[PDB]
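Right, one structure below, let's go through it.
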Amino acid sequence: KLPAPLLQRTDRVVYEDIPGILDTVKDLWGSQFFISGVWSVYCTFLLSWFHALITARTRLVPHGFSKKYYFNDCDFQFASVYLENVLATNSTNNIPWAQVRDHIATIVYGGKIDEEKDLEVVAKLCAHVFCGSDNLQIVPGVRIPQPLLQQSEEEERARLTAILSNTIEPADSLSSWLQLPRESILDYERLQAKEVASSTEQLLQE
Amino acid sequence: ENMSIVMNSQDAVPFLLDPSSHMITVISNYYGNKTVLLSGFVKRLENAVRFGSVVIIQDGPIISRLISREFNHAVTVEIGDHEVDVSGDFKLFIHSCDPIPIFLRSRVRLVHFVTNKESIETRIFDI
Amino acid sequence: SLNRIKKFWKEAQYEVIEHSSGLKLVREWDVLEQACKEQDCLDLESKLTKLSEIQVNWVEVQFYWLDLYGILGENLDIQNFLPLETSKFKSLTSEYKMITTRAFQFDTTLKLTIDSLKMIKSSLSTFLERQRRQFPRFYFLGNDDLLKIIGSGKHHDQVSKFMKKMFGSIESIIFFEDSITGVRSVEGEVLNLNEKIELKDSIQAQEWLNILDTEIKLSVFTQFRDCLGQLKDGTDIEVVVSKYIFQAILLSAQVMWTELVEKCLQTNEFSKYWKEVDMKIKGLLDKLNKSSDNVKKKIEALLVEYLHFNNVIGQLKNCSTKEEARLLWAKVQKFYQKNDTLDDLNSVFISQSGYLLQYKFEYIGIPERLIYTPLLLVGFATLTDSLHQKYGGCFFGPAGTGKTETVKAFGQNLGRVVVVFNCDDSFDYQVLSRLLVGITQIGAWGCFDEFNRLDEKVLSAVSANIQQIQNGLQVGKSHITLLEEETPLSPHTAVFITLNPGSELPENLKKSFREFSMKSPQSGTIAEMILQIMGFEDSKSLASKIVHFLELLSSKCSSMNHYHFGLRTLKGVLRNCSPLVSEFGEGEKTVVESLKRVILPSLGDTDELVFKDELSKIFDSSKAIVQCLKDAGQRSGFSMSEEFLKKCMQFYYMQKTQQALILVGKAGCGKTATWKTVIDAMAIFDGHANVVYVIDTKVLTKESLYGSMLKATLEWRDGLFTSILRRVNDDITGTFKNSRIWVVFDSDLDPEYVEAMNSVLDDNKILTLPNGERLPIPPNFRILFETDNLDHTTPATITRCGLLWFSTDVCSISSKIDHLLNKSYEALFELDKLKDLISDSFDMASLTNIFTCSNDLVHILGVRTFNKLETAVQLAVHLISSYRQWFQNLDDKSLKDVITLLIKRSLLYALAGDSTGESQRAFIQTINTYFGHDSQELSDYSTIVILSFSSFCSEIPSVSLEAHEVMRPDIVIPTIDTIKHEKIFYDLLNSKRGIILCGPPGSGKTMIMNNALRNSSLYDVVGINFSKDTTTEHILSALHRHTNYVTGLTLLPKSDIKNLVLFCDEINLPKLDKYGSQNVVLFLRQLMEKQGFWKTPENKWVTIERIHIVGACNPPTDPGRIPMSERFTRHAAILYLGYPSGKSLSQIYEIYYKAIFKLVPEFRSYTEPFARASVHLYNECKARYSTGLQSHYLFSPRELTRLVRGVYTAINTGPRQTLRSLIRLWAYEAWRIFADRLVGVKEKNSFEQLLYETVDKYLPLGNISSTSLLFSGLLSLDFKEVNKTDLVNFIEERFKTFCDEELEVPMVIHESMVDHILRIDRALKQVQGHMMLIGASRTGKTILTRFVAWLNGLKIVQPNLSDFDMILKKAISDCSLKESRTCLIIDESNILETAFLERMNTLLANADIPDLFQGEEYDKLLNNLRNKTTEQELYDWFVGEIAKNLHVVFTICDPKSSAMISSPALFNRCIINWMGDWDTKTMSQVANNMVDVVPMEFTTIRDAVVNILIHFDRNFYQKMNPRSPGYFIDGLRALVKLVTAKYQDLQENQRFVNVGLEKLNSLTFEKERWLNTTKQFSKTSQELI
Ligand SMILES: Nc1ncnc2c1ncn2[C@@H]1O[C@H](COP(=O)(O)OP(=O)(O)OP(=O)(O)O)[C@@H](O)[C@H]1O
Ligand SMILES: Nc1ncnc2c1ncn2[C@@H]1O[C@H](COP(=O)(O)OP(=O)(O)O)[C@@H](O)[C@H]1O
Ligand SMILES: Nc1ncnc2c1ncn2[C@@H]1O[C@H](COP(=O)(O)OP(=O)(O)O)[C@@H](O)[C@H]1O
Ligand SMILES: Nc1ncnc2c1ncn2[C@@H]1O[C@H](COP(=O)(O)OP(=O)(O)O)[C@@H](O)[C@H]1O
């Protein structure tokens, strides 16, 4: 709680940064600088998309999750260090997908989670992002191709940035991109409007 | 009219219900060197009585004779546990910041310093 | 001021109270501080500042001289440790001696002394800091421990007992021929170094202890290397178990397991290594079967490790693919060892999830290894992840889910000793900051158990410190600047935090830590592995059944506060299994019997049945001790019961193992009995002698329990607990080496007391004391808590203690009757037949119906049937003993009739003294119906006299006593009910039973008590009136004035023939403490039950032999009364002193009216009608008025006593009266005593017309209304109706005399204030007269009181506790030496403490106060009264003169003293005057006779303006509690003053205008202006009014 006399002799301002998924990925990539190989950069890319997805799903208090959590840059930093350590000593390129999946789900991005179904849906998101097949459909629209053996950091960075720049953020991204049914967000905004209308009815009685 | 009621009280003591601490500042500005503040203390009140200095006390029971003008003329004031000589120019003020015993309330000249919906209506009409 | 200050400064000296010579000490600091704190003024100020400087020097020099004596007087090695340091403290000793000399025989010199003191303090602080720079593990301890360690250098000891502290997990050191060869762990494991530590005389503690820990690191490394080599040589682990210490075998075995598992993981091979692990496990179990204790603990720890290895390999062989194989292997802890690293202690690193950390090679002892569950591995993984990037782990979850011991297990598995700060409010900033700095210096990782419990400022400070440490950790800075020091920082250190939300981590710590959840500890695998390591052949099924049983117990039964069915209870059951394993073997029987021995004592009744049914559902299924218990019970008379036998066997089997046992049950259920008989049987069986101790908790304080530093002398004091602990721990007499000791707290559990008892309770068997006294707890020191409820039992104690629950009473009615009869027989050719007759008297077929038809009635101070039969049988036995003299010479029918009558009366007075009289009658016919009509039937007035039937009406004395005795309140009138009460009270007092008197106020409980005991020559009474705040020194001071000690060990009455009885009043009045308990009542229970107590400054058992306890109290239903717990009331009986019937009132007051007609016997034939009139009016007032209408509507015979007292004093102070005049005077007194607190004048006139009807019914007469009555003695020599005109003339003459003499206050005169001053004069002229003043502010009540005080010639005074008592003493001294009739006034603003109200209550319940007149005061009072003229006669004269020479009148505004008004003793004498608000007539007349001072009529109009003022006043108060008239009065005063000033100003202005017009008489304009002014002047004047 802020002290009483400071908040009165001041101009109180409240902000809301844009919750779009695309701007989070672009901000993460601009904050990023890559420096070790190409597979580490590709895994950092996948991890940044995963962090963007979980940050988008955080705001859905009663349907996307069960309690408003607070992720930040430090959790993504630790996950990035874990990814670069895993793909810095396991140079056989036989990717230990189970190791990174379990360590991200149950330790890095499950450290602050107490409920069980929240961890189950985090594990589902990990399985979706880190399926480790020959193709990846991170959303039903765009694909992130796997790198090849004949690239350095600069060309892979350029190629993945081009994959960012082609697709525009869709209007209904809050259900298709997060893999959530439309009726769920419909009920969420229904409860939002119910709270707003009930509050206005209570204020209208005076 | 608050300050008019304050200055037109030569018999009953006035009350300063001023959590904003503006009344004490304007009173001290008007008075100057004759202002002493309290919150030992009996001794300094007796010294102020003997010297003839106006006293203001914050956070408003042994000042019964002074608040009731129960003076002995031979003019001495029996305050606390010893008689104190009266200079004749002694004045007392009571200040508080909490918006109170019944005996004090029915004796002190109570005034209110509170802004409310009536106050904002008067303010918008005045502007 | 100046003279007193100079005199006390020149009188300053010192007290010779110190030990040996030392420094001459001084006490009473605070009085000196309160006393001490132009040229002459500045000189005095400078002297005061110098004196304050010397005062600060004094307190600092003694506060430091205590430690100076501690470290220099008793030992010189501390001051001789180092050369320059030795010179510095030799100079210190020289300075100390010379300042002692100059203190014996200046101020600036002593300021130079404090300068020297501060620089030597800085020198020693820097010396300690440099010693800790040499060895930062010394910086763990406080300064005193450092001084002890450096003093015992050549002594070479006392570091072996701090050996627990500075290295964590080591108990003691061992050393041969002045050379250390190893250390002994906390478990007790011997260690051997690489080489012995050769020692010299010139040794410092720091250097050889650095050698000690460096070489213990090297030695554990050496044994690990040798064990690794020997295991690489193919040696089986079973042989080499006993060779190497636990750390070595753990590290070597885990490294070998890592190497073998990665070798077999490089291929798809798991069978051979799993078979090898299984063979190792089986061989280790076989060796565990035949091991010694050290071998057993090493083997169980290695079995924990190898069960983990078995689980890991079994998990890995389920890995069908290689990727999940690396998944599973990379997550568990991997133990690698370097090969080419030349550094010995950095050759091993631990790999966990791709990271690595450095082992530090410190000994860990052999603690209970945390069994390896997957969640433990996940916690290790996330802690490794946090630590890898220079961060700190944060843990959060539910309470007791495995956080802090998980961090300690991390420290164990990484080989580090972790310091745990057990968070509590007693922690402060400096010691926690010091331990944090030590953790930074030495690099030892540190956990924080339950971090959220700190206070706000301390949590913020430690958060800042931890943030600085972390910030230094990430940036790699080796010098963090905190605590004003640039302390070194090893990169291997860490900081750990654990907490429980439901708060979370603070944001400053949250930005640099990482969270984790561990909500559900996997109990199934823990139980499975514990059952496997215990040796049971069936681990999985038994563990699953135990988990199912625990969850079903936690779900099905009612969730009691003390219940727990989680993990710690499961581990306690598994630990308790092993002694049952040794007898019953391994199987289901052992665990089911352990469950029957552990969880069964904590269960209830329905929970017990649920547990039994679930035990039958899940699970399928020694008499020498039973015989011993039966023999003990049969010897002591406790006839056993099946429930009682089950409970006693349960308690014995529970105390077989667990040290700390708590007994819980409703009061009076046999807890004391069951542990007494169990421990007697235990002493018979095992042969050890028993010693028991009983201590009451709340009556003693913590200072009297343990002790503290003294406020001035700083001297340690030994409390009771410290005394008994020192006695049982010294064992100088040799008793406590084979004698069993039982410290039992016969009191309810207190949270702030169990907070101190946790230091007793903890596992290390050490206690925390302010003076630094460490005391061990031997195995015979068993602690027992017997309580009555668990309302305040902390859940931290419901599991960590041992709990026994007594849901149902373990005794039957028949067995209790038999035991009580046998005890009464043993309490004493004829005794045998008498015992047989009493045994056959209790025909239980009718007694059962008696109990069933007696428990239904309303029991005031309700007690069950289980605690009144004690009183019943004891009264029956005592009456039989009294009548035993004439029972051998009489026929059997008379004997059976007499014993039947006696038991009938005993049951009637033990089962109906808690209900009304008609309930007693109905009980007596119920008894006569149950026992049949064959025997003698007890009647309401039945009595047996010398030997046949009689009645109470035979012995009643119809005494025609004198007239003046009604002024004396101690005189008693006799009646049948009074004699019955006295007889039963006398029997109860003689029967050695407790007495409690209850009933509505006004029945005369104290009055009948003083009747029964003043006439009693066999006893004495000391009476104490209780207060809201009551202390144990009240009762001690009360008894010391009439009792004496003797050996002390025994407290006896001062007389040798009179059994002294302590009386107390208003037991319900004292308030509860902060935890719902009261100390005085438990003290009384301790006196009345165990006949002994403990002295608070001496801790001695003061046995009581000839003192009984009686008590009179108001019922708890009334306001200001709090109920007592049944524990106190179970020892006593209840006598409902109800309201006597109106016929008894008529008889009592017709003797009173004969006595009052003695003075004027011309109307001696009218005693009865006035008694009937008083009875009728009081009965109608009771049936009409009720306390719902107003708080002070309480009616009693106190009104009638005051009525007859007023009539008597009127007749004494009055002339000859006719019949009509006497009727009128009696009506005047009745209206005064009754119609002064009623609702309104309508109630007064209703009382008047009822009085009319009753008088004309009894005495066959005009208007006798309120205002028509005016009785005074101002205008007549004696009380008679005087004329109002001459009365107001006389009081007007006195008013003008007073205004010309002393004070000319602005007062008025009207008939209302005439009535007020007449009433207050009537009260002041009466002996012991007081009033309340229910009036608003500025109503002139105090002014009228002062007026009447001057009229009566009363001396005038203007009123902390000590000053109040000194003023009282001066006033009573002036009263005794000068007959000073001084009036005293108290307002509500005059009273701020309830002690003044309490002493008013005491002195007005009595006529004086006993405990304020004792010692020197009593001796001087007796001497002075002998100067004015036996102690009793002089004190009676003192009581009479203070009754006739004291008058206090109280002023109240709100009708916090409501309970004081409702207090019967306060209400007894003072007449409550409802001044109220002024009425319309009163305000109109006061306005109309103030307006006449100032002429205003120039335009009637006075009535108009007064009507407007009063109507606006009423409208303001009705559109805006008595209505305050202050607004009206100061409004009219200000109006009068403004009118006077404005009239004078207008007269001057009109005179000036007339002068100007006359001077003026161009002129046309001036004439027009003057004419316009003269024309508008009248309109402006009306507008001006
Ligand atoms: N086997 C028995 N047969 C008959 N009466 C028994 C038996 N065991 C105990 N009693 C009775 O039970 C009574 C219990 O006394 P007490 O009130 O001290 O019990 P408690 O449960 O320890 O309670 P507290 O300590 O609160 O007083 C004994 O005074 C005794 O008369
Ligand atoms: N290997 C283990 N895994 C889980 N719990 C354990 C293990 N070993 C012991 N325990 C028990 O778990 C309990 C956890 O309590 P704890 O969290 O330390 O309480 P607190 O939070 O008050 O410190 C301990 O009492 C301990 O007996
Ligand atoms: N039967 C009676 N005989 C004589 N006096 C009585 C009788 N009943 C009541 N009184 C008078 O009424 C008063 C009762 O007050 P009491 O109940 O003793 O007050 P408290 O309980 O506060 O001491 C006594 O002072 C006593 O003088
Ligand atoms: N009945 C009255 N008649 C005249 N003056 C009054 C009366 N009551 C109060 N006053 C004025 O009020 C002042 C203070 O009264 P105070 O003593 O406070 O009343 P109370 O005794 O009820 O507390 C007095 O100086 C007196 O002049």
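Chains as they are written, first to last, in the working numbering: chain X, 1002 to 1207; chain V, 461 to 587; chain B, 215 to 1799. Using N, Cα and C, we set each Cβ at its ideal position, and we do this for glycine too.
Assignment of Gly443/B by DSSP, reduced to helix, strand and coil, places it in the helix class. Within 7 Å of the CB of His1104/X, the CB atoms of chain B belong to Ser567, in sequence order along the chain. Between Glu452/B and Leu502/B, the CB-CB gap reaches or exceeds 8 Å. Secondary structure in the segment 583 to 651 of chain B: the alpha helix (DSSP H) runs of 4 residues or longer, each lying completely within the stretch, are 588 to 602 and 618 to 627 in chain order. Distances taken from the Cβ of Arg1552/B to the heavy atoms of ligand 4 include one shorter than 7 Å.
Distance from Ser835/B to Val806/B at the Cβ level is roughly 7 Å; contact confirmed, criterion being Cβ atoms closer than 8 Å.
For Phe858/B, the distance from the CB to the nearest heavy atom of ligand 1 is below 7 Å. For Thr596/B, at least one C-beta of chain X is nearer than 8 Å to its own C-beta.
Under a 10 Å Cβ-count criterion, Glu391/B is classified as exposed, with fewer than 16 other Cβ atoms of the shown protein chains found around its own Cβ. Each residue's CA atom was taken as its position, placing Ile1570/B and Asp545/V some 21 Å apart. One residue list follows from the rule of a beta carbon closer than 7 Å to any heavy atom of ligand 3, given in chain order as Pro1183/B, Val1186/B, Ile1187/B, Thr1189/B, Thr1192/B, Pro1215/B, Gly1216/B, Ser1217/B, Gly1218/B, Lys1219/B, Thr1220/B, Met1221/B, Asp1279/B, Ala1326/B, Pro1354/B, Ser1358/B, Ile1362/B, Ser1410/B, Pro1411/B, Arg1412/B, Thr1415/B, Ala1619/B, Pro1678/B, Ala1679/B and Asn1682/B. Assigned with DSSP and collapsed to three states, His1129/X falls in helix. In this structure the segment 668 to 688 of chain B does not touch the segment 614 to 622 of chain B; the number of beta carbon pairs closer than 8 Å is below three. Judged by DSSP in its simplified three-state form, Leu216/B adopts helix. A direct Cα-to-Cα measurement between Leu1017/B and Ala926/B gives close to 42 Å. Assigned with DSSP and collapsed to three states, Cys661/B falls in strand. Between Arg1560/B and chain V, the shortest Cβ-Cβ separation is not below 8 Å. With fewer than 16 other beta carbons inside 10 angstroms of its own, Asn952/B counts as exposed. For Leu584/B, the shortest C-beta to heavy atom distance toward ligand 2 is below 7 Å. At a C-beta separation below 7 Å, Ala544/B has these neighbours in chain X: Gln1100. For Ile1055/X, there are no C-beta contacts with chain B under 7 Å, since the nearest C-beta of that chain is about 16 Å from it. Secondary structure note for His522/B: its alpha helix (DSSP H) is the uninterrupted segment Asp507 to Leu530.
For the 8 Å CB-CB criterion, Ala419/B and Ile459/B do not form a contact. Looking from the CA of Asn627/B, the closest CA among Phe549/B, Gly660/B, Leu589/B and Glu664/B belongs to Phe549/B. Sorting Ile1190/B, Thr307/B, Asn289/B and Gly396/B by C-alpha distance to the C-alpha of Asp358/B places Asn289/B at the top. For the segment 1730 to 1751 of chain B, residues whose beta-carbon sits nearer than 9 Å to a beta-carbon of chain V comprise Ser1738, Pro1739, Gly1740, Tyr1741, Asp1744, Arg1747, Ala1748 and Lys1751.
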